[PDB]
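>>> show me the folded form of this:
(one chain, ligands or ions: 1)
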Amino acid sequence: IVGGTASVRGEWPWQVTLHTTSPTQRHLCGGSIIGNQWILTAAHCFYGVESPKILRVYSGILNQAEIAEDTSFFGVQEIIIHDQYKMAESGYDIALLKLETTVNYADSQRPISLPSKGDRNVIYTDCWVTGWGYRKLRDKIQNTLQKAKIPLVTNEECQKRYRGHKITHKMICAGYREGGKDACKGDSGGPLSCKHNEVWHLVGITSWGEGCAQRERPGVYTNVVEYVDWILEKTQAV
Ligand SMILES: COC(=O)c1cc(NC(=O)c2cccc(O)c2C)c2cc(C(=N)N)ccc2c1
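Residues are numbered from 1 along each chain as shown. For reference, the structure is listed below:
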């Protein structure tokens, strides 16, 4: 996260840090708890990953330092990638992680509600992006979870900032014309929480952007509302 500040412990109870154990353990991506056994994250976070066995999901974490060899975590039983996904910049950058065990909700770890289709007309003016990502272009994973308040921009506005790209309605952007605040590498999979009428909603999933926090270069996120049907279908038992 560029231009943000340290979050308060438990401030974003749905935020998780996804680690890979190969070659040695490290933070890989952010993610959001949306169900007792489900983490919603970005598809492009599993590039080169051929098994959920090397994945570990840690919930209720503020500082990466809290994670040690003796820290409990949730194993991943299955990685579900949207079958239409090719690459972050082309859309469909969404994935579900089915946990091996159930998450016991508490003040430190709880789910974030998904957007309602009848909320596409809603104007979120209190949106935040969080993560342990880079604080600048060339940086490293941060110890303390960062947060930054960033305004959403219209797709037409976004498309105008990414002429060589195709900003579809399945994407949503957020940024300041002058830049300064934005998600970055390491925040991928992160949630783009917006609080509307005292209720937090998972509006987007950190996906991509040209550099980080550059002027006239909004962050691009997966437009979650466009995937509620997909999420429902994939999280069923059938
Ligand atoms: C794993 O995900 C990414 O590669 C990756 C690469 C990016 N864009 C870059 O240009 C970049 C930033 C830092 C280091 C780096 O090498 C690059 C190419 C990203 C930019 C944003 C955003 N601005 N909202 C968010 C997530 C990103 C994830």
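
>>> ok, now how distant is residue 32 from residue 25?
As defined by Cβ to Cβ, to the nearest Å, residue 32 lies at a distance of 21 Å from residue 25. Backbone N, C-alpha and C define where each C-beta goes, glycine included.

>>> please read the previous query as pertaining to residue 129.
In terms of Cβ to Cβ, residue 129 sits 25 Å off from residue 25.

>>> show me the strands in the chain, by range?
Secondary structure of the chain (DSSP state E): strands at 5-6, 15-20, 26-35, 38-41, 55-58, 74-81, 95-99, 127-131, 146-149, 152-153, 171-174, 191-196, 199-208, 219-223.

>>> need the ones you listed in CSV with distance to the ligand and mean neighbour count, can you?
Below are those laid out as CSV (distance: least, Cβ to the nearest ligand atom, whole Å; neighbours: other Cβ atoms under 10 Å):
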stretch, distance to the ligand, mean neighbour count
strand 5-6, 17, 12
strand 15-20, 12, 24
strand 26-35, 8, 23
strand 38-41, 12, 26
strand 55-58, 15, 22
strand 74-81, 15, 16
strand 95-99, 13, 22
strand 127-131, 8, 26
strand 146-149, 10, 21
strand 152-153, 12, 20
strand 171-174, 8, 27
strand 191-196, 10, 22
strand 199-208, 5, 24
strand 219-223, 3, 27
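
>>> out of these, flag the one nearest residue 67.
strand 55-58 (5.7 Å; Cβ to Cβ).

>>> report the residue ranges of every domain in the protein.
For the chain, the structural domains run 1-12+112-226, 13-111+227-238, going by curated CATH domains.

>>> nearest the geometric middle of this protein, what residue?
For the chain, the residue whose C-alpha lies nearest the mean C-alpha position (Cα atoms, centre = their mean) is residue 190; its distance is 1.9 Å.

>>> unless I'm mixing things up, that residue is touching residue 131, no?
Yes: counting by Cβ atoms under 8 Å, residue 131 is a contact partner of residue 190 at 4.1 Å.

>>> anything in contact with each of those two?
15, 30, 183, 206 (Cβ atoms under 8 Å, 6 or more residues apart in numbering).

>>> returning to that earlier point: need the strands of the chain in JSON lines (columns: distance to residue 66).
Below are those laid out as JSON lines (distance: least, Cβ to Cβ, whole Å):
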{"stretch": "strand 5-6", "distance to residue 66": "14"}
{"stretch": "strand 15-20", "distance to residue 66": "10"}
{"stretch": "strand 26-35", "distance to residue 66": "12"}
{"stretch": "strand 38-41", "distance to residue 66": "18"}
{"stretch": "strand 55-58", "distance to residue 66": "8"}
{"stretch": "strand 74-81", "distance to residue 66": "15"}
{"stretch": "strand 95-99", "distance to residue 66": "19"}
{"stretch": "strand 127-131", "distance to residue 66": "16"}
{"stretch": "strand 146-149", "distance to residue 66": "15"}
{"stretch": "strand 152-153", "distance to residue 66": "32"}
{"stretch": "strand 171-174", "distance to residue 66": "28"}
{"stretch": "strand 191-196", "distance to residue 66": "19"}
{"stretch": "strand 199-208", "distance to residue 66": "22"}
{"stretch": "strand 219-223", "distance to residue 66": "27"}
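
>>> buried stuff in stretch 161-179?
By neighbour count on 16 or more other Cβ atoms under 10 Å, the buried set for stretch 161-179 is 161, 162, 167, 170, 171, 172, 173, 174, 175, 176, 179.

>>> with stretch 223-230 instead?
Of the residues in stretch 223-230, 223, 224, 225, 226, 227, 230 count as buried by neighbour count, 16+ other Cβ under 10 Å.

>>> which residues does it contact?
By Cβ under 8 Å, 6+ apart, the list of residues contacting stretch 223-230 from outside reads 40, 82, 94, 114-117, 119-120, 169-172, 202-205.
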